[PDB]
Amino acid sequence: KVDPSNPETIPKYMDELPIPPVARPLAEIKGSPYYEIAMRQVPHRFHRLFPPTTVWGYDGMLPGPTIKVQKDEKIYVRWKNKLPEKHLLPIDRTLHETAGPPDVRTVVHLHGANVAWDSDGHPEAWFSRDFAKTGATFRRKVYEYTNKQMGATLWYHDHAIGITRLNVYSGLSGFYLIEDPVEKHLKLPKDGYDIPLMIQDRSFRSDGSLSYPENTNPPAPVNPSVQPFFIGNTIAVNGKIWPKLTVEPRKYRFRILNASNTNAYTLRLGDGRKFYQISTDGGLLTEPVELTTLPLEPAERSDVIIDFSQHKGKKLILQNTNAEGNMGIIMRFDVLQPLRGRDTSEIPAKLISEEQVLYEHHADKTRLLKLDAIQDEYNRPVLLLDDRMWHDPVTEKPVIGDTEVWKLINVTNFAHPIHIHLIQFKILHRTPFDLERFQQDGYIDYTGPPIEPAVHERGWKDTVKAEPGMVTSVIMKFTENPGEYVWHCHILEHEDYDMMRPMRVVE
Ligand SMILES: [Cu+2]
Ligand SMILES: [Cu+2]
Ligand SMILES: [Mn+2]
């Protein structure tokens with residue numbers, strides 16, 4: 001008997017990985033596509049032998065439909081809250097905007113978008129059902145995505161203040177792909193050989209319902225209470241637990257996204273088989289990079305090419321080397337489909353034809369930004385950026401035209417994936433420091449030389465693993481779109497209490 005709450009009873013590899021359908025526009029105005037995407041409560045089956053689970057899905061599907069655009073192609077999206085009045089999951093009423101009704105508030109952030117602030121999905125721009133109540137920064141029912149950025153695998157997800165962890169866990173995320181003009185003249189695997197992989201950890205009650213904590217263990221006196229992490233006991237890809245993908249012995253492009261609330265994975269293919277990275281969060285690399293492991297924190301993504309042609313007749317497990325047991329397994333590739341005509345795809349010698357260089361010594365401004373926790377009056381951790389809470393006066397006010405270096409000083413014992421909106425950055429380096437000395441008097445005593453970014457994280461990025469006991473330095477240049485944005489940890493349990501700060505980009 002399969003008990004959804006007991007992962008040892010779940011037979012792995014029973015579900016063929018699904019491909020989310022592509023969103024179709026409802027209209028086109030003067031050449032601009034118009035989409036209408038409604039958030040709905042629906043059943044979704046996470047495993048062949050599970051009962052249906054009630055979830056929240058964009059257009060009633062999990063993952064949400066994949067939106068595809070060209071670079072520089074302006075589109076309009078009316079994101080609609082068509083959800084019930086009561087939440088699926090427990091709400092901590094001590095957080096932002098959760099004291100009373102409306103409980104079900106939504107706003108959609110296109111993660112990685114170069115977009116004007118009023119279509120960025122600001123956390124205070126949320127709306128209840130049919131826009132009946134709206135947050136203070138609400139501006140547009142119909143968002144406008146101008147897409148003036150390098151081609152990339154982006155993703156969209158809920159960002160409503162105080163409940164982002166709940167709305168994303170309930171199912172509100174999907175892929176958004178910007179095609180670069182270069183790709184038309186490359187021969188990357190395409191069409192059915194270009195497959196997105198949304199990796200997420202989940203836990204379930206015995207009746208198949210989504211399980212999310214009511215409180216910590218041991219419990220806080222607040223009920224329900226936020227917990228500063230969520231680690232599931234199953235891994236799903238594209239909404240199916242421990243699936244298989246039946247592939248031909250040829251090359252595929254996989255668009256790999258960690259859309260988990262907290263958990264990070266280190267991907268390994270079979271017995272350390274090689275695969276070829278072609279993009280990071282922000283777009284294509286200069287040239288493919290040979291990898292045998294791929295670490296991904298929440299919100300990080302990378303596109304890779306895997307060649308199955310030398311693996312005909314094999315089944316290869318995609319491992320998560322961060323964990324033992326069942327959580328060490330993501331999915332299985334079954335190289336068992338007969339080849340459907342010749343593989344004409346190629347791993348190219350170069351991907352893009354231009355690269356923008358940013359130099360640390362050209363920085364117009366340098367920010368030292370601590371990642372830490374305090375204890376609240378209930379003895380719960382509050383995760384904080386720069387000693388400040390969300391509602392404290394804005395301190396990050398980057399100026400258009402300026403090059404900035406941000407130094408993320410992680411004084412906690414765990415990594416935090418820090419996401420900066422509107423821009424893409426390059427990781428400069430990480431440098432270890434003496435944690436106890438910093439705790440004593442705030443002096444940064446470096447205990448070793450700077451370490452370069454690892455080989456899989458050298459492209460343009462918007463989410464960076466800030467390692468504990470290290471200063472992680474990133475570099476960026478602000479070029480357009482002044483307005484009200486944010487930066488935050490992408491562990492959603494941290495973002496919601498309270499590890500998010502305003503970023504006011506100014507002219
Ligand atoms: Cu964090
Ligand atoms: Cu965000
Ligand atoms: Mn995001």
Side-chain angles (χ1 to χ4, degrees), residues 58 63-64 96 106-115 117 119-126 137 152-165 167-169 172-176 198-200 226-231 257-264 280-282 296-301 369-374 380-386 388-390 396 408-425 461-470 472 483-503 505:
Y58 295 114
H96 290 128
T106 53
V107 69
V108 183
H109 170 60
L110 175 55
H111 187 117
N114 175 28
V115 74
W117 80 275
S119 291
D120 195 48
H122 190 275
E124 291 170 335
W126 53 262
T137 61
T153 302
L154 312 185
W155 64 298
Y156 62 96
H157 62 79
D158 190 81
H159 212 313
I161 199 171
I163 61 172
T164 290
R165 74 200 178 286
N167 288 355
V168 177
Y169 191 76
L172 294 174
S173 56
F175 283 98
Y176 182 110
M198 187 176 270
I199 305 166
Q200 298 181 301
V226 66
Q227 175 172 263
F229 52 88
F230 173 80
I231 302 296
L257 161 68
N258 181 351
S260 301
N261 273 36
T262 297
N263 213 347
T280 50
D281 306 332
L296 295 167
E297 295 284 323
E300 283 194 292
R301 56 243 181 253
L369 298 164
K370 190 176 49 179
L371 319 178
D372 201 356
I374 71 186
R380 305 181 295 177
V382 192
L383 271 299
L384 296 184
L385 302 176
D386 186 39
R388 286 163 167 80
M389 294 172 171
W390 163 252
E396 283 75 61
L408 305 171
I409 309 163
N410 188 348
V411 310
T412 80
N413 292 330
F414 308 97
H416 298 275
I418 300 304
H419 172 48
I420 302 173
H421 287 214
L422 174 70
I423 50 81
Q424 300 287 323
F425 52 72
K461 284 175 65 44
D462 57 45
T463 302
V464 57
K465 185 193 190 191
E467 294 282 14
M470 305 203 78
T472 293
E484 282 301 311
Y485 299 89
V486 301
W487 70 284
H488 57 93
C489 184
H490 222 287
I491 290 166
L492 306 183
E493 287 68 26
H494 296 177
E495 173 180 346
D496 278 344
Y497 195 48
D498 188 36
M499 190 182 219
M500 179 161 75
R501 289 284 292 146
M503 198 176 59
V505 179

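Atoms within a ligand are numbered from 1 in the order they appear, just like the ligands themselves. This chain uses plain numbering: 1 for the first residue, then up along the sequence. Basis for what follows: all heavy atoms, side chains included, without hydrogens, waters or symmetry-related copies.
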Heteroatom count (protein N, O or S) under 2.8 Å of the Mn ion (ligand 3):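 N, O or S atoms of the protein closer than 2.8 Å: 3.
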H494 atom (N/O/S) at minimal separation from the Cu ion (ligand 1):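 Result for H494 and the Cu ion (ligand 1): ND1.
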Minimum-distance N/O/S atom that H416 presents toward the Cu ion (ligand 1):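 Atom name returned: ND1.
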Could you label the plane-to-plane angle of the [X] and [Y] rings as parallel, tilted or perpendicular, counting under 30° as parallel and over 60° as perpendicular?
{"X": "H122", "Y": "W117", "value": "perpendicular"}
{"X": "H159", "Y": "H157", "value": "parallel"}
{"X": "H421", "Y": "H111", "value": "tilted"}
{"X": "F230", "Y": "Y169", "value": "perpendicular"}
{"X": "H416", "Y": "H494", "value": "tilted"}

Flag for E124-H96: side-chain donor and acceptor within less than 3.5 Å: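 No, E124 and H96 have no side-chain donor paired with an acceptor closer than 3.5 Å.
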Side-chain donor-acceptor pair present, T164, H109, cut-off under 3.5 Å: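 Checked: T164/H109 side chains show no N/O donor-acceptor pair below 3.5 Å.
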Results of side-chain contact (heavy atoms from CB on, under 4.5 Å) for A415 - residues two or more places apart only: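 If we apply the side-chain contact (heavy atoms from CB on, under 4.5 Å) test to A415, skipping adjacent residues, the hits are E297, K465, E467, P468.
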Residues forming a side-chain contact (heavy atoms from CB on, under 4.5 Å) with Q424, sequence neighbours excluded: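 With sequence neighbours excluded, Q424 shows a side-chain contact (heavy atoms from CB on, under 4.5 Å) to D281, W460, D462, given in chain and number order.
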Backbone N/O of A259 and side chain of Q200: donor-acceptor pair under 3.5 Å: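 Checking the backbone N and O of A259 against the side chain of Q200, a donor-acceptor pair under 3.5 Å is found.
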Listed protein N/O/S atoms, distance to the Cu ion (ligand 2) under 2.8 Å: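 As for protein N, O or S atoms lying under 2.8 Å from the Cu ion (ligand 2), they are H159 NE2, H421 NE2, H488 NE2.
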